[PDB]
């Protein structure tokens, strides 16, 4: 159990520059005590001064009231909220209610990060409860909300909904595999319909969850990025410079396209070479695909590093815009590196495979090859992700008065900050696989379902012991990933459909693509209309109802009288008629 410590700051103090660190440290303590936070300083590991800060209940209550009033201002209207408020008062510059200690913008370059402490007593209980169940009720998601903020709870709710909705993919995929053979248009139509209904129902459930948790309209609120650099003060930046920096993303995009496409082209060429000339023992015929998948995490990580460097050099005023741009770049890179192989196999080799002949000549036809390639690109990448996610940190950690608490905090500081965008990206990639290439191997979704049941626990374990406690945040939605999902769905509505024509056989292909796209749009509109007729609206309506309960013309008008003589002349005129 913790000692009531709310937040911990590292403040590494290296031997070099040991003349301004003390001044920065004393300024940090003075500023942090100015906002009224109790502090305690202890030693750490490798010349570090770990400072633990906590809350005078009157000031905390005043801050909570101010935050609630601010939320009421924007129309928005527990451990997570308290920790969030403490972090906000720690981070918000001293301009209005806080003291700037951001480790990026101002002079606080000697601190690593500010993180909340992790409670092992709750963590072990949560892990045991989640691993001893089969399905997760809303109480578990509510507990995740109350402990690890709103973003983590939103991600876990999305994962649970996706895993639950994947049960029908597996159902009719197994049905098609057992009976409908391979490359059936009906399976593609059912997959598109499921993607549409899943997207719409997830949006509805997400709005319901936002209403329940009281985080409606949080996305509208804009939070300034401390790392943002301005030039004038109207804190403004020239948009021309921003678009100039953005234009750098284009040549990077084409360069990565060329590099990855060339790599996949050579791998495909050599694999078809060895499949055509080597008798082998089947399994060895697709070994380059497994090798490419195994190497995918390294190049993906270096590409994510390059993308995050580009985003950091791209000045963004607010947190939301920076996050959206980073998500867009990461999604583009992952889509590329995880789908170009299948795209080349399906829409390049299958329709016209005579263009790869020069590669075969340098080294020294079967529609069914895409099915095996999709089987591999479904089974093995999730295994590699599992290995790099859960079991390799296990190996790394196995390789390595109140002193035990200090040792626990010191070991916690080395743990990297847990991020949610990575898990969202993995889930979006899996959904794209399902929506775009399940026709080649209908069983694939089923496998993903199994993986999801592990992931919904495994990622939880990733939060527990392999990472430090995430900083609570409020997000109205899951972010731009939402839109990304829709895009993938639309792409599936073409992609899989075209595959059905390509692996079973010009005019027919275009007709099938057009029909599938129009059917996708029709069912999208139909499901949107159906869900428009159906939660949180009743609670909002009840809240709204409860708040609710909380001279010619003078002679003409002075002709006879008021009411009585009027009806007198009424009967008079009736009789005259």
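Residue numbers count along the first chain shown, from 1.
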Among the other entries that model both neighbours of residue 280, does it go unmodelled in a third or more?
-> yes
Other compared entries: residue 393 unbuilt in at least a third?
-> yes
How much of the deposited sequence is absent from the coordinates between residue 234 and residue 235: none, 1 to 3, 4 to 9, or 10 or more residues?
-> 4 to 9
From residue 281 to residue 282, how many deposited residues does the entry skip: none, 1 to 3, 4 to 9, or 10 or more?
-> 1 to 3
